[PDB]
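Novice: The structure follows.
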Amino acid sequence: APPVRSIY
Amino acid sequence: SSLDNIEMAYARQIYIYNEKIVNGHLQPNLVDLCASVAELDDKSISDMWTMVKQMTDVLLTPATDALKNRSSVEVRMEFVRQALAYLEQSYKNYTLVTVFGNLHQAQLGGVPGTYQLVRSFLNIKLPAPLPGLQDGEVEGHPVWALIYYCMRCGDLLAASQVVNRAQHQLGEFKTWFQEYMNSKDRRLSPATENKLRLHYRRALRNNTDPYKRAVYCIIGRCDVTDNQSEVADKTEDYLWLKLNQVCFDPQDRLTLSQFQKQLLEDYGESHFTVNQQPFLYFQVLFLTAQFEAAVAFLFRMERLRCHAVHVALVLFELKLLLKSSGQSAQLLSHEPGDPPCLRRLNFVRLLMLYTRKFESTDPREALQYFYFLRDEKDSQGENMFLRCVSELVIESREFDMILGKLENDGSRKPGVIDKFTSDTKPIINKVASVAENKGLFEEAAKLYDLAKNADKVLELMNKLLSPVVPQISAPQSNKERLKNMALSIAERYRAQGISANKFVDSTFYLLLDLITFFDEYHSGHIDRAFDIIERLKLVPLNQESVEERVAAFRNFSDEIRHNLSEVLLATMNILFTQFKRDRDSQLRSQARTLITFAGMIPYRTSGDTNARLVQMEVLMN
């Protein structure tokens, strides 16, 4: 369950 | 021009890289030549090339096959380290912009030590203490938070300093960590690695301190299924979390092949592109050594075509890109006789698509990209670069620009392709060959004449002249425009002593004489025109020559026999006019000669011609 929120 | 600002700048950089190889100079760093334009755009693109350089900056075996470098466990191991070093440094910049508002702002005051930065990073991202932390604090922060974000930034030393100030609290973790920092490849000894894993698994599988959990199985590469989502909430934090967990030669273990395949097979583009952020997926594929996937993927984004082609070129000029042997395959595929975990890119098609866009009105730039195909051929044997120049000339019809204009004075100003190869004889015939097959003789002659192929120039020039031999040469007519080019080819072929086989050549200069015979005949210069036809010894004028002249007609080019009808009539009408102005016997005798010749010759319109010839002879008497 890897996140899809890019480091911003 | 069909090239956007970004694409144009790349073209110029690729012209340099070509100018260097065309003049034999040092092979410059392509990745650097591409990042030079990236800085002119937003940092979304700059941070990409930064990843490209660091992922390709691995010690390779020059002059080695591409597939071999990418299959070798030696190289596959360094990829993981180069990526981890990028995820760590990339995160370190996130930690700076989180504390200081701007990278410049951090720099003026001075980048603080990774320890004090991390401490000044914990202040923000956890202002209040979480009640589930363990092992106390160190200078006002939980000891495990400091260790994690220090390792995340990649400064193991900064993390070990934290451990040294909590020797009593951390228990036996000190001797274990001190070994991890010492041992290379971020791995512990099997004996000690076993001691800590069993301890963690014993009673710490579910601990209330998430940072403690994270560090332990980052050091022991355990609990690969648990994504530690409490601390690794970003995507880069996941990649970095796993690349610190991959292993190399059965339970609770993950390898790069499994991880790289597991990611895109189960969680494809769909999973990583729901936020409509394309680079996120690209970084996932590129930082896992799946360069072909990332290239094809990013090549489909119509806004990022430029960038995906070049990251392919870099991988291509570094013997790292896995090209697809067959040119009939799809853009992305897995060869049947290869392992399933690697993929192949149809590099030939890749460039062919990119080029079609700006090949129509920007030929010069197209050639620069076609050059990379110089090393490949097709099923028929043609050199891919040469074929691409043929197709680009057939379509664009840019002969003077690309092939070099051969003026009517004997000069050959080189073209744009002259830079790439000095053997320009085949394509000029290829381009000349098709245009010949499309009835464009006047062009095929100029093209064949550009390659000094007189066998074909004079052949075609024979066809273009025969129809116009008896015609009236008038200003701007098709006769003048063809005669004047034929004469410009006669001089340049005599001054340079060039000639085709005597059959083609004899006919060519013979037609030129006849064209002069009718140009004088249509002007009323009867005396002058009569003298020319006499020299040619084509039509007999004394009965003795009839036998030999008749035999010659049998083997003269049909481009000549065609115009025999008009020649006999003009010559007759010439004698005819001179009669109305001993001499009478002489004209009468010659009149007869023409008739008997025409009588023994089967030729065009022999019916109407032989009759008219006889009538004109009767009026003489």
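In the structure tokens, each chain is lettered A, B, ... as it comes, each chain's residues begin at 1, and ligands are numbered from 1 in order of appearance.
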Which residues are near residue A:5? Cut-off 9 Å, only C-alpha atoms, ignore same chain within fewer than 2 positions. Put them as a PDB file with N, CA and C atoms, in the first residue's frame.
Specialist:
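Once written, selection-v7.pdb looks like this:
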```
ATOM      1  N   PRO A   3       2.090   5.041  -0.859  1.00  0.00           N
ATOM      2  CA  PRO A   3       1.373   6.290  -1.131  1.00  0.00           C
ATOM      3  C   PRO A   3       1.695   6.840  -2.512  1.00  0.00           C
ATOM      4  N   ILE A   7       6.556  14.027  -2.806  1.00  0.00           N
ATOM      5  CA  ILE A   7       7.212  14.968  -1.908  1.00  0.00           C
ATOM      6  C   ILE A   7       7.086  16.359  -2.514  1.00  0.00           C
ATOM      7  N   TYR A   8       6.417  17.263  -1.800  1.00  0.00           N
ATOM      8  CA  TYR A   8       6.242  18.631  -2.291  1.00  0.00           C
ATOM      9  C   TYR A   8       6.913  19.612  -1.334  1.00  0.00           C
TER      10      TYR A   8
ATOM     11  N   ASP B 233       5.249   8.441   4.643  1.00  0.00           N
ATOM     12  CA  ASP B 233       3.971   8.807   4.051  1.00  0.00           C
ATOM     13  C   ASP B 233       4.096   9.307   2.618  1.00  0.00           C
ATOM     14  N   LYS B 234       5.266   9.784   2.212  1.00  0.00           N
ATOM     15  CA  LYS B 234       5.469  10.235   0.845  1.00  0.00           C
ATOM     16  C   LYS B 234       5.920   9.068  -0.032  1.00  0.00           C
ATOM     17  N   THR B 235       5.898   9.291  -1.348  1.00  0.00           N
ATOM     18  CA  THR B 235       6.305   8.243  -2.279  1.00  0.00           C
ATOM     19  C   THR B 235       7.811   8.015  -2.224  1.00  0.00           C
ATOM     20  N   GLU B 236       8.593   9.097  -2.224  1.00  0.00           N
ATOM     21  CA  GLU B 236      10.041   8.950  -2.126  1.00  0.00           C
ATOM     22  C   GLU B 236      10.432   8.258  -0.825  1.00  0.00           C
ATOM     23  N   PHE B 272      -0.056   5.351  -9.738  1.00  0.00           N
ATOM     24  CA  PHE B 272       0.865   6.459  -9.519  1.00  0.00           C
ATOM     25  C   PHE B 272       0.554   7.696 -10.353  1.00  0.00           C
ATOM     26  N   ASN B 275      -3.132  11.306  -9.183  1.00  0.00           N
ATOM     27  CA  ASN B 275      -2.960  12.711  -8.844  1.00  0.00           C
ATOM     28  C   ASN B 275      -2.548  13.569 -10.035  1.00  0.00           C
ATOM     29  N   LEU B 280       6.089  11.736 -10.885  1.00  0.00           N
ATOM     30  CA  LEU B 280       6.065  10.826  -9.744  1.00  0.00           C
ATOM     31  C   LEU B 280       6.264   9.380 -10.185  1.00  0.00           C
TER      32      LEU B 280
END
```
Novice: Residues at most 10 Å from residue B:386, counting only C-alpha atoms, excluding those fewer than 2 positions away in the same chain, as a VMD selection string?
Specialist: chain B and resid 367 370 to 371 373 to 374 377 382 to 384 388 to 392 417 420 to 421 424 426 to 427 430
Novice: So that I can check the secondary structure, give me every residue of stretch 98-168 of chain B assigned helix (DSSP H, G or I) by backbone DSSP, as a PyMOL selection string.
Specialist: chain B and resi 98-99+103-109+114-125+143-153+156-164+167-168
Novice: Under the rule of at most 12 Å, produce a per-residue listing of chain B near chain A: chain, number, name, the closest pair of atoms, and the distance in Å, as CSV, using only C-alpha atoms.
Specialist:
```
residue,atom,partner,partner_atom,distance
B:44,CA,A:8,CA,10.9
B:87,CA,A:7,CA,10.5
B:90,CA,A:7,CA,9.3
B:91,CA,A:7,CA,8.2
B:92,CA,A:7,CA,11.5
B:93,CA,A:7,CA,10.7
B:94,CA,A:8,CA,7.7
B:95,CA,A:7,CA,10.7
B:97,CA,A:8,CA,10.0
B:98,CA,A:8,CA,9.9
B:224,CA,A:1,CA,11.7
B:225,CA,A:1,CA,9.0
B:226,CA,A:1,CA,8.9
B:227,CA,A:2,CA,7.0
B:228,CA,A:2,CA,9.8
B:229,CA,A:2,CA,8.0
B:230,CA,A:3,CA,11.3
B:231,CA,A:3,CA,11.6
B:232,CA,A:3,CA,8.6
B:233,CA,A:3,CA,6.3
B:234,CA,A:5,CA,5.4
B:235,CA,A:3,CA,5.4
B:236,CA,A:7,CA,6.7
B:237,CA,A:7,CA,8.4
B:238,CA,A:2,CA,6.5
B:239,CA,A:2,CA,8.8
B:240,CA,A:2,CA,11.7
B:241,CA,A:2,CA,10.6
B:242,CA,A:2,CA,10.4
B:262,CA,A:2,CA,11.5
B:263,CA,A:2,CA,9.2
B:264,CA,A:2,CA,11.8
B:266,CA,A:1,CA,10.7
B:267,CA,A:2,CA,8.9
B:268,CA,A:4,CA,11.6
B:269,CA,A:4,CA,10.7
B:270,CA,A:4,CA,10.4
B:271,CA,A:4,CA,7.2
B:272,CA,A:4,CA,5.6
B:273,CA,A:4,CA,7.9
B:274,CA,A:4,CA,7.9
B:275,CA,A:4,CA,7.4
B:276,CA,A:4,CA,10.3
B:277,CA,A:6,CA,8.2
B:278,CA,A:6,CA,10.2
B:279,CA,A:6,CA,9.1
B:280,CA,A:6,CA,6.2
B:281,CA,A:4,CA,8.9
B:282,CA,A:6,CA,11.6
B:283,CA,A:6,CA,10.1
B:284,CA,A:4,CA,10.5
```
Novice: Calculate how many Å separate atom CA of residue B:445 from atom CA of residue B:459, rounding to one decimal.
Specialist: 8.7 Å
Novice: Between B:259, B:216, B:144, B:297, which is the closest to residue B:341 once you count only C-alpha atoms?
Specialist: B:259
Novice: One decimal, in Å: what's the spacing between atom CA of residue B:466 and atom CA of residue B:560?
Specialist: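 Those two atoms sit 7.0 Å apart.
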Novice: Using only C-alpha atoms, determine which residues lie at most 12 Å from stretch 486-499 of chain B, disregarding the query and same-chain residues fewer than 5 positions distant; provide the list as a count of residues only.
Specialist: 41
